[PDB]
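Here's the letter readout for the chains.
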Amino acid sequence: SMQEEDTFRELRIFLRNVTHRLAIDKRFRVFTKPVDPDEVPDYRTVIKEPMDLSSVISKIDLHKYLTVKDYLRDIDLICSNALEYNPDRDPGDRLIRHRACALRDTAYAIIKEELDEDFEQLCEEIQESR
Ligand SMILES: COC(=O)[C@H](Cc1ccco1)c1ccncc1
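Residues numbered from 1 in each chain as written, not as in the entry; some residues may be left out. Heavy atoms only, no water. Residues with missing side-chain atoms left out of burial classes, pairs and counts.

The name given to the protein chain in the PDB entry is ATPase family AAA domain-containing protein 2, with Homo sapiens as the source organism.

**Some points on the overall build of the protein chain**
The line we're drawing: A run of H or I in DSSP becomes a helix once it reaches four residues, and a run of E becomes a strand once it reaches two; helices and strands are each numbered from the N terminus. It only takes one pair of heavy atoms within 4.5 Å for two residues to be counted as in contact.
Per the secondary structure count, the protein chain includes 6 helices and 0 strands. For the protein chain, the N- to C-terminal ordering of α and β elements is α-α-α-α-α-α. With the principal axes as the frame, the protein chain shows a C-alpha extent of 50 × 30 × 25 Å. A sequence separation of at least 24 residues applies to 69% of the contacts in the protein chain between residues at least 6 apart.

**Looking at the nonpolar core**
Generally speaking, nonpolar side chains in soluble globular proteins are found buried as a group. Applicable threshold: Residues belong to a common nonpolar core when they are buried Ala, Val, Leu, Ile, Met, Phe, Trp, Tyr or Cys residues joined through side-chain atoms within 4.5 Å. Relative accessibility decides the category of a residue: with a 1.4 Å probe and only protein chains considered, values under 20% of the type maximum give buried, values over 50% give exposed, and everything between is partly exposed.
Residues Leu15, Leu22, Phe31, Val68, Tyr71, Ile75 and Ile78 are the most contacted members of the largest nonpolar core, which totals 32 residues. For this core, the elements supplying multiple residues, two or more each, are α1 (2–24), α3 (53–61), α4 (68–85), α5 (91–114) and α6 (117–129). For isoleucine 75, the contacting residues outside a window of four places in its chain are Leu22, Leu53, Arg104 and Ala107.

**Describing unusual backbone geometry**
Residue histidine 63 is not a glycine yet carries a positive backbone phi of 65°. Along the chain, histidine 63 turns up in the loop between α3 and α4. Looking at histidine 63, the relative accessible area reads 45%, which means it is partly exposed.

**Some points on α3**
As a reminder, the rule being used: Picture the helix axis, draw a direction to every C-beta atom, and the arc is the one those directions span. Polar contact is the term for a pair of N or O atoms within 3.5 Å; when the atoms are in protein, one must be able to donate a hydrogen and the other to accept it, and sequence-neighboring residues count only if both atoms are side-chain atoms.
Within α3, burial applies to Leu53, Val56 and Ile60. Viewed end-on, α3 has its buried residues packed into an arc of 50°, placing them on one side of the element. Buried residues in α3 make contact with α1, α4 and α5. Of the residues that open α3, the one with a side-chain oxygen 2.9 Å from the backbone nitrogen of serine 54 is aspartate 52. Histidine 63 lies just past α3 and shows a positive phi near 65°.

What follows is the structure, encoded as structure tokens:
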């Protein structure tokens, strides 16, 4: 229905706004663009599904997310990729891990405050009907 297409349009507006707020935070610059395959050729041998905030913006506009749950699976993948690629005790690895945890925690805290639980349940029930 037109009403259901208005629901998904409001979801995309919400997700673009959350993503922009994460992408401008200086702590998260390391998560804004793909890891460059020239500078780091080893990356794509270890990390089998790369993800970053520019790719998330492109996915919103391709209508890849019908629920906030499917958006948060890609925020969780950004964070888990950084934890698995940089697991060591040295300061460089510990700094990215702390930033990855802060990107995940910050996204979940904006959603807990600003997403209405009945708006998410509506998106889930339209998705489950298709
Ligand atoms: C999302 O970025 C990463 O996982 C890279 C891994 C990387 C790049 C070069 C060598 O290793 C990283 C970038 C900056 N600081 C720590 C790690």
